[PDB]
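All values below come from the heavy atoms of this structure, side chains included, with hydrogens, waters and symmetry mates left out. Counting begins at 1 with the first residue of the sequence.
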Amino acid sequence: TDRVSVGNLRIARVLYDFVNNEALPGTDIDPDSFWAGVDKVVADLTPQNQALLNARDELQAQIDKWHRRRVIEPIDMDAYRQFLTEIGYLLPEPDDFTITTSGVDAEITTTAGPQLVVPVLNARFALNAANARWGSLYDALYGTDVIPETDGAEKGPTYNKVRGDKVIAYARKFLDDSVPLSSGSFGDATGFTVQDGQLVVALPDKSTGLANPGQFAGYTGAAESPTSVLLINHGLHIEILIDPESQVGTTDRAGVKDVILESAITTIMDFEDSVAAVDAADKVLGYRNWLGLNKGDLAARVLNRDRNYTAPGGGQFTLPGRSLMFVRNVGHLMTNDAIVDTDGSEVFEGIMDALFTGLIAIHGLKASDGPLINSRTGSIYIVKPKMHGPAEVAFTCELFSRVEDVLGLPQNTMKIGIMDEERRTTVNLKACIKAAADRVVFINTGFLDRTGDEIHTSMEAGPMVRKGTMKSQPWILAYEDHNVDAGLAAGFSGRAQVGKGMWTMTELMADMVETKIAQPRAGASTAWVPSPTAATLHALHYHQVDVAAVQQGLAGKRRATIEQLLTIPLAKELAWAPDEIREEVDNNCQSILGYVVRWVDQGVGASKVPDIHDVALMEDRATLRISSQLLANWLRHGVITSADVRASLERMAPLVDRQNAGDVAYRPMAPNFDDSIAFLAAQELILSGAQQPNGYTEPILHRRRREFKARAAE
Ligand SMILES: O=C(O)C(=O)NNc1ccc(Cl)cc1Cl
Ligand SMILES: [Mg+2]
Ligand SMILES: [Mg+2]
């Protein structure tokens, strides 16, 4: 064996060496003490971790039985709610309280804006996300369908001036809307100067200042001929770049070259659903990128420095050039063979992530190679996914407390971003926030996982509505409102983020700009975006909507009831025709196959995957949880047959093969289906779906990826 013995633990050498040689030096933590800490923490907390997982199983069994002994279906909410209380699923709600989390950075407590999520295993994307704090509005407008590609305004091999003019006009309107002039429009501006600390905008017939001069934050270059002008609106910066000697500046009435927006204020570096990591080698690749990010020296090419400005009165200041980083650890379920015990049993991966990502995060609290890169207030920001109820939140907090001791960190250094993405957390949300009242820095509606959990929890109740129908069901609308209500009641305004979910259609940016505005209008101080380009565009929404004002107006409102949260998305009688059934089956089988083939064969856990209609979607593993559970549910209830499923997987497999003329590493699934580990994975996810704990896909996916890896070696 190649493993290292530390107490009852047998640690993969690749991980032992990474930690000793790369993660530990510079933290002043004694290596022998760290490893003894790992052994003791794993030993002490493993049984409670296991008890919590068994408790999930016991509750689900009781709910399964409840539905199976019933035959009514007008569905008595009073009985159901009573039952959930008796069995300890629905817990009493505690008295009102206010969170006490402290030492949190301004980006989280105060600033409303986009939050970018990226797979930590991809160094290039991680670097780009960290750098996405600032982004070009002209690039985002020109490069996407926000400016329609109508006749004459199409993207070509080279710069189309007509399209560029539309870009310019769009951005001028944004300026008028966000940082209005006392009179006239930015559209007619002819120059910018700074006089007596005041911004002066030259118009054809006169000059003018800002309607609100306080929105003038600074500038670069000579006041009398500035190279840029910095503005602020709703706590977010906007920079007008001035350069008549540029290809766009040359044609512009004021010589404006670009408008840069502060965009991805924060970024979540993901170890969970957007990555595929099934062994020590995979975890180390992730840990090493997270290490490079925190040390400031990740190069795939490099991290940006801070931005220098001149203040209005003429003094100097700087603004952060980087997105403030969270890390999303995995949740309570999975083990990983990066460490096993003397019996060969794998160690819980969530416990390992807290220890290792926490250790590594110490570097981001110290000086780089310049200033320290991450939290100036001294916090480590960890997103904890897939928790079920307040005992699991408490357990996470206790894990973090124990890790802080191993690491020599002050108590409550390790903050928690709570995913509200499981039903038992949803209906006990206030108690969940309370369990973490001194650690919580966000709540976020992870709606894809939540949908997966909704289907599995009520699997035995009856057939569910179609996948596309789910986003508009009463349960989910109530879930979204309830989340906001609970956060604001716990005093999140000015203290912690209230967050909403991901826009998955990466190429549909016009649609994004039209519709995602709903989230800040609902009082969310942040929401997830798939890319730096999407961060720049979503930033527009925060300039249009005053989230702080919206949150204050929502104060003390209760807009969702428990009954509404508990409304199971059962399909009504005779809901669909035979063609519509096949359309839905095909939809889900294509979604599963498209995602699974990249996961199992190439270890990619997130990417732009074309759907059955060739719309490009970037989703994490939770989309697979939904599709596999929905098909399992339809099979469970006789909506479809096992031949229907087989036929659909067969029909969709070559279409996915074709869609993956994307290139070099792709192996087709058809026609040798039973020779494709990825094809068999997809089939197994559906046919064993009903029996997976809470519908989780990881046990099957991890097994199949490891199988693939093992074959690729021999
Ligand atoms: O909705 C959920 O369960 C969730 O946690 N995340 N969604 C998500 C995360 C990362 C990427 Cl790259 C894309 C998506 Cl849709
Ligand atoms: Mg999730
Ligand atoms: Mg305003």
Side-chain angles (χ1 to χ4, degrees), residues 117 119 121-122 125 270 273-276 278 448-449 451-452 455 466-468 470-471 502-508 530-531 582-632 634 640 644-689 695-698 700-702 704-705 707-708:
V117 184
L121 261 65
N122 190 312
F125 297 167
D270 195 18
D273 273 7
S274 78
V275 300
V278 303
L448 296 178
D449 264 316
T451 300
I455 299 165
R466 296 173 287 184
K467 183 166 60 163
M470 284 288 184
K471 65 168 145 299
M502 178 71 72
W503 181 268
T504 58
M505 288 135 296
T506 64
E507 307 312 290
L508 305 192
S531 68
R582 190 168 76 84
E583 181 184 16
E584 182 65 14
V585 178
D586 278 350
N587 174 43
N588 288 286
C589 285
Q590 190 276 345
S591 176
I592 293 172
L593 283 166
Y595 184 82
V596 166
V597 73
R598 302 184 176 188
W599 214 102
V600 166
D601 288 11
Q602 326 222 150
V604 172
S607 59
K608 303 183 196 284
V609 178
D611 75 350
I612 199 185
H613 307 311
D614 296 302
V615 179
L617 301 182
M618 180 159 182
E619 311 172 300
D620 69 11
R621 178 160 57 201
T623 183
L624 181 68
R625 185 178 181 194
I626 297 171
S627 286
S628 65
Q629 286 300 295
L630 201 270
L631 291 174
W634 280 19
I640 64 180
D644 285 336
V645 175
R646 176 72 191 192
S648 184
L649 290 164
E650 296 190 344
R651 281 198 304 279
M652 300 311 311
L655 306 188
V656 172
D657 283 346
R658 294 331 98 87
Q659 284 173 332
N660 285 279
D663 215 39
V664 236
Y666 192 80
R667 306 179 187 165
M669 288 175 289
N672 316 343
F673 305 132
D674 274 33
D675 286 337
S676 168
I677 297 172
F679 183 92
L680 300 174
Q683 164 174 296
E684 180 175 11
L685 286 161
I686 298 164
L687 304 177
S688 303
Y696 289 129
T697 64
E698 296 98 303
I700 297 165
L701 270 185
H702 281 216
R704 294 280 183 184
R705 172 67 177 153
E707 175 184 11
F708 182 94

Item to check | Min side-chain heavy-atom separation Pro530-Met502 under 4.5 Å | outcome: yes
Item to check | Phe708, CZ atom: more than 12 neighbouring heavy atoms under 6.0 Å | outcome: yes
Item to check | Distance in Å, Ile686 CD1 paired with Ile640 CD1, rounded so as to fall on 0.5 Å steps | outcome: 8.0 Å
Item to check | Value rounded to 0.5 Å, distance of NZ in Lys467 from OG1 in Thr451 | outcome: 11.0 Å
Item to check | Distance (rounded to the nearest 0.5 Å) between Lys608 NZ and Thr506 OG1 | outcome: 3.5 Å
Item to check | Any side-chain heavy-atom pair of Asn660 and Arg598 under 4.5 Å | outcome: yes
Next on the checklist: Keeping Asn672 on the side-chain end and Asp675 on the backbone end, is there a donor-acceptor pair under 3.5 Å?
Outcome noted: no
Next on the checklist: As an exercise, state the distance from CD of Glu684 to CG of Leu701, rounded to the nearest 0.5 Å.
Outcome noted: 9.5 Å
Checklist entry - Do you know the tightest heavy-atom contact between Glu507 and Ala616? => result CG-CB, 3.9 Å
Checklist entry - Quick one: are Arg621 and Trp599 in side-chain contact, heavy atoms under 4.5 Å? => result yes
Item to check | Any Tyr666 side-chain heavy atom under 4.5 Å of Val597 side chain | outcome: yes
Checklist entry - Are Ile626 and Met470 side-chain neighbours, meaning at least one heavy-atom pair lies under 4.5 Å? => result no
Next on the checklist: Holding to ring-ring contact (aromatic ring centres under 6.0 Å, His included), I want the full list of residues that pass it with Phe673, two or more places apart in sequence or in another chain.
Outcome noted: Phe679
Checklist entry - Is any side-chain heavy atom of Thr623 closer than 4.5 Å to a side-chain heavy atom of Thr504? => result no
Item to check | Ion pair check, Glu583 and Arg466, cut-off under 4.0 Å | outcome: no
Checklist entry - Between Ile700 and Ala681, what is the shortest heavy-atom contact and its length? => result CG2-O, 4.2 Å
Item to check | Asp620 and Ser274: CA distance, side-chain angles, deciding distance, side-chain hydrogen bond (donor to acceptor under 3.5 Å, both in side chains) verdict | outcome: CA-CA 5 Å; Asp620 69 11; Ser274 78; over 6 Å; no
Next on the checklist: Does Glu698 form a side-chain contact (heavy atoms from CB on, under 4.5 Å) with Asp273? I'd like the steps, not just the answer.
Outcome noted: CA-CA 9 Å; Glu698 296 98 303; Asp273 273 7; 4.3 Å; yes
Checklist entry - Is there a donor-acceptor pair closer than 3.5 Å between any side-chain N or O of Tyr595 and the backbone N or O of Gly605? => result yes
Checklist entry - Do the non-hydrogen side-chain atoms of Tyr696 and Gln629 ever get within less than 4.5 Å of each other? => result no
Item to check | Minimum heavy-atom distance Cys589-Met652, with the two atoms named | outcome: CB-CG, 4.2 Å
Checklist outcome for this item: Scanning both residues in full, the closest heavy-atom pair of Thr697 with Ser628 reads CG2-OG, 4.0 Å
Item to check | Residues, nucleotides or ligands: over 12 heavy atoms within 6.0 Å of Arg667 CZ | outcome: no
Item to check | Criterion side-chain contact (heavy atoms from CB on, under 4.5 Å) on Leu630 and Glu584, from CA distance to verdict | outcome: CA-CA 10 Å; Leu630 201 270; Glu584 182 65 14; 3.8 Å; yes
Checklist entry - Is a side-chain donor or acceptor of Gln590 paired with a backbone partner of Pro610 at a separation under 3.5 angstrom? => result yes
Next on the checklist: The test is side-chain contact (heavy atoms from CB on, under 4.5 Å); show your working for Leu617 and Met505 and say whether it passes.
Outcome noted: CA-CA 5 Å; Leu617 301 182; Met505 288 135 296; 3.4 Å; yes
Item to check | Any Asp270 side-chain heavy atom under 4.5 Å of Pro119 side chain | outcome: no
Checklist entry - Within the side chain of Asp611, is there an N or O that forms a donor-acceptor pair under 3.5 Å with the backbone of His613? => result yes
Next on the checklist: Taking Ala670's backbone N and O only, do any of them form a donor-acceptor pair with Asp657's side chain (distance below 3.5 Å, no angle check)?
Outcome noted: yes
Checklist entry - Where is the tightest heavy-atom contact between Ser627 and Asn588, given as atom of each residue plus distance? => result OG-OD1, 3.0 Å
Next on the checklist: Between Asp449 (side chain only) and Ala622 (backbone N and O only), is there a donor and an acceptor less than 3.5 Å apart?
Outcome noted: no
Checklist outcome for this item: Here the gap from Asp644 atom CG to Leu649 atom CG, rounded to the nearest 0.5 Å, amounts to 11.0 Å
Next on the checklist: Rounded at 0.5 Å granularity, tell me how far OG in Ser531 sits from CE in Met618.
Outcome noted: 8.5 Å
Next on the checklist: Test side-chain contact (heavy atoms from CB on, under 4.5 Å) on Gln683 and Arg646; report intermediate values, then the result.
Outcome noted: CA-CA 8 Å; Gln683 164 174 296; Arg646 176 72 191 192; 3.0 Å; yes
Checklist entry - Where do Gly603 and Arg705 come nearest, in terms of heavy atoms and distance? => result N-CZ, 3.5 Å
